[PDB]
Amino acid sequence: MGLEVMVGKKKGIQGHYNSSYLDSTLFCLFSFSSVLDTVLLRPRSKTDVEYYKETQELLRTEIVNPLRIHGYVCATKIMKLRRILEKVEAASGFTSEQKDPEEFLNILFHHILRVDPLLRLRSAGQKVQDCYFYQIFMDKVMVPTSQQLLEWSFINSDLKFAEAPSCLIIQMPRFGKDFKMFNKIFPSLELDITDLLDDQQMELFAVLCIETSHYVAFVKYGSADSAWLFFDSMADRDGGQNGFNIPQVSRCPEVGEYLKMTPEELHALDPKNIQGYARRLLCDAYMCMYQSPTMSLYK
């Protein structure tokens, strides 16, 4: 096991038939982070629902372990997951259609595994609502940090964290395929949630991106500024009908360099002058994912 097993052509989760929403979110969530590892480990309890075990076993044993030891997962295994998904929610295109990661997270975490809600929020002084991720919503600076968006979205609905989340997935402010509130967003490397708690820090570990119809992923695999990878479950294709896709994972240290710059410096930079894969991280963010700090060394 090692970084270099993860990197290359024919690495990551092989996409197949509109699967990129699923491939990329699983890659974000499990390629390097362990924030949700327990979800793959909690024993079946009597309150668990029908496919609990088959699903857990599939994720751990045929998806995540191979991803982590071999650097690669065949589309057949994802397709097995998608069928289970479709059996839990029929006629919702889980085996063939473009979907939202939100849809995927909710069926998987809420219905099948029965993950305790990741976020507990109180529209302040009211009582708590449960969710798995947070939607930035607010009224239209040109390049905001995700720190600002979270603060602004919280103030806009008078919200607070009921308790400190371990895994905070934040959805960027977009309205369909055709509208982005912001042309570029600065994904804060660290989030300070102190002034948003009822009663401190979190570290960026992934960004799930999409320009209009294909999801890809950026992942932070170490504390170093340059320790970023990019994953496309459909980087290349072989064949025609019975053709198959070739996923790719690539080092993208430039991301680290652009995130040493300020929002206003990035704002002045034309997206066509942004190098490597960094353009997509800065312009196409869909979800930013934060965890209880494990990679960092406090100083």
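Residues carry their position along the shown sequence, with the first being 1.
Where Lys140 is followed by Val141 in the displayed chain, the model omits 1 to 3 of the deposited residues that sit between the two. In terms of unmodelled positions of the deposited sequence, the chain runs continuously from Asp178 to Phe179 in this entry. The deposited model assigns a higher average Cα B-factor to 102 to 110 than to the other stretch when 102 to 110 and 76 to 84 are compared. Taking the mean C-alpha B-factor of each stretch as recorded, 148 to 156 and 213 to 221 are not equal, and the higher mean is that of 148 to 156. Reading the B-factor column for the CA atoms of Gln171, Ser188, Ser226, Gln200 in the entry, the top value corresponds to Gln200. By the numbers in the PDB entry, the CA B factor is greatest at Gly240 among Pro263, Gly240, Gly256, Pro66. Sorting the modelled residues of the chain by their CA temperature factor places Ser123 in the highest third. In the deposited entry, the Cα temperature factor of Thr38 places it in the middle third of its chain's modelled residues. For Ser250, the recorded CA B-factor ranks within the lowest third of the chain. Only modelled residues enter the ranking. Residue-level temperature factors show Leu58 in the middle third of its chain, judged at the C-alpha atom. Looking at the C-alpha B-factors along this chain, the one for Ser92 belongs to the highest third.
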